[PDB]
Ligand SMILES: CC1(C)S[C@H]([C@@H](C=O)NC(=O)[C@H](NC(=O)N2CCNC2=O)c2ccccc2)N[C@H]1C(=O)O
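Single chain ahead, written as structure tokens, the form deposited without the named molecule.
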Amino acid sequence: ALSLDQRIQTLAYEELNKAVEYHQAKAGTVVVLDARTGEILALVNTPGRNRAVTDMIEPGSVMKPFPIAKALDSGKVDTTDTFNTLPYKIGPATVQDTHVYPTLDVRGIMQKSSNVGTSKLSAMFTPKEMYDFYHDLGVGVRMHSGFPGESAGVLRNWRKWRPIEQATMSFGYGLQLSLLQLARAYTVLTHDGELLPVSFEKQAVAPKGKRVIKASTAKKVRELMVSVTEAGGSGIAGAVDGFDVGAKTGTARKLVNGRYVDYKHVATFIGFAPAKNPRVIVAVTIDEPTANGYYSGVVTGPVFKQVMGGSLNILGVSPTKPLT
């Protein structure tokens, strides 16, 4: 009566182990969720504790879809609105992008995973509004998944923030989530704006979602996220032949390791497919890759690609375009 699919579990295990070996990494995790039920289809970690649930990270770029979603959901901005995306200062701190563009529209802000653009979208909202939104996504909240040692992550009280904290949170630093929490948050995008509960038991009753954004917003955001896995986006290494995939990739930071402090870079890739009508969310982390790549997409993209493609094949979902 587990919801896990042995074929997907085996696939995830094999692909994770391949990447951890190739990149000479310290650890890794893969989570596969049913995109419309929140059931866990696979959950694998390298040997030791259940890092998917026990270990929180500052997620980095994989958090960026959420402020964009909030901004669109509010009606304050449109996907065609253009922002100045030059580096800027908040007191002595600088917010800047990997690759600098003078302006981007909201589509471009998603496509390029712009720190500046994402932070300016967040900046249209008060600290309380942003906090309440992250809380509604489950940040800092117990999932009660049935696993012991389940991290709640960290969402600092907005009443204590600074303008720089709100900005960094929008691009995934200064809040913390486990990989399972991150996969769960993506159900807002896949399940037409409603956050699903997570479970490893086969469901008997349809889960009740909690509305966070409009279904129309979720649909638009999924469309925007496809650009991340096409030429010009950071997540091209995770593209899946025969499908459109909405995803994000980035370098996360791990500040806690079990019951001890840590400081490690973590390569991350999270996405869903088919993008228009998603069946699966696949989330991958690889801790401290030391070989054949540091850049997050190169390290975790291939795992995501193989696990997503394999999962869709296992579940019988037909490609939506011819294979290349």
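Counting begins at 1, following the sequence as shown. For the two forms, the rigid core is made up of the largest set of C-alpha atoms that agree within 1.5 Å on superposition.
Omitted here: the form solved in complex with the named molecule. The next part is about that form.
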Worksheet item: Can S113 be called a contact residue for the named molecule in the entry with it bound at 4.5 Å between heavy atoms?
Response: yes
Worksheet item: Looking at the partner-bound form in the entry with it bound, is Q166 within 4.5 Å of the named molecule by any heavy atom?
Response: no
Discussion item. Although the partner isn't part of this model, could you tell me whether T251 comes within 4.5 Å of the named molecule in the entry with it bound, counting any heavy atom of the residue?
Written reply: yes
Worksheet item: Any chance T82 has a heavy atom within 4.5 Å of the named molecule in the entry with it bound?
Response: no
Response to the item:
With a 4.5 Å heavy atom cut-off to the named molecule in the entry with it bound, the contacting stretch among 59-67, 40-48, 278-286, 24-32 is 59-67
Worksheet item: Though the named molecule is not shown, can you say which of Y101, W161, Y88, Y173 has a heavy atom within 4.5 Å of it in the entry with it bound?
Response: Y173
Worksheet, complete the sentence: When the named molecule is considered in the entry with it bound, the residues of 294-308 having a heavy atom within 4.5 Å of it are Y294, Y295, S296
Worksheet entry | Rigid-core fit between this form and the one not shown, the member of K214, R253, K210, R156 whose C-alpha shifts 2 angstroms or more | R253
Item to complete: Taking the rigid core as the superposition reference, indicate whether the CA of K26 shifts 2 angstroms or more between this form and the one not shown.
Response: no
Worksheet entry | Core-aligned CA displacement of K264 at least 2 Å between this form and the one not shown | yes
Worksheet entry | Pairwise C-alpha change, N157 versus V256, in the entry with it bound against this form - closer or farther, 3 angstroms or more | farther
Worksheet item: Against the shown form, C-alpha atoms of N257 and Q306 in the entry with it bound: closer or farther, for a change of 3 Å or more?
Response: farther
